[PDB]
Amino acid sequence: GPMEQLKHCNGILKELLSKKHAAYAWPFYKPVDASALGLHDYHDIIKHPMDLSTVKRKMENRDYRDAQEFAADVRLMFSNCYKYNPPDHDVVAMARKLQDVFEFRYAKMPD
């Protein structure tokens, strides 16, 4: 059921935030600070910002009703990176590596 599947989602989230993946997960830890990064068009291009700290707060607050809602947010965060940047940027390479971790473990969710 949704609560058990959400436990698996919480496990995935913990893994994505763990030292194991820190070499490529770090960009996704906190909301993009567009002003600090000089990305003055970021919020014109990205209508729905997302990041792992926001996903974690939503999980902790029981905001996600099912695993599909959680996965849509995680995928939104990666898609924003693919949308904003040229495909050969290092931040996109990091997004792709972290998304592989996410998708392969999400595919192991119990029914």
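The term rigid core refers to the maximal set of C-alpha atoms that superpose within 1.5 Å between the two forms. Numbering starts at 1 and runs along the sequence shown.
With 45-53 and 32-40 as candidates, the stretch whose CA atoms show the greater average offset from this form in 7 other deposited structures of this protein after a core fit is 32-40. Relative to one another, 15-23 and 98-106 have unequal mean CA B-factors, and 15-23 is the one with the higher figure. According to the PDB record, 31-39 carries the higher mean C-alpha B-factor of the two stretches 31-39 and 76-84. Sorting the modelled residues of the chain by their CA temperature factor places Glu60 in the highest third. Per the PDB record, residue ranking by Cα B-factor puts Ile46 in the middle third of the chain.
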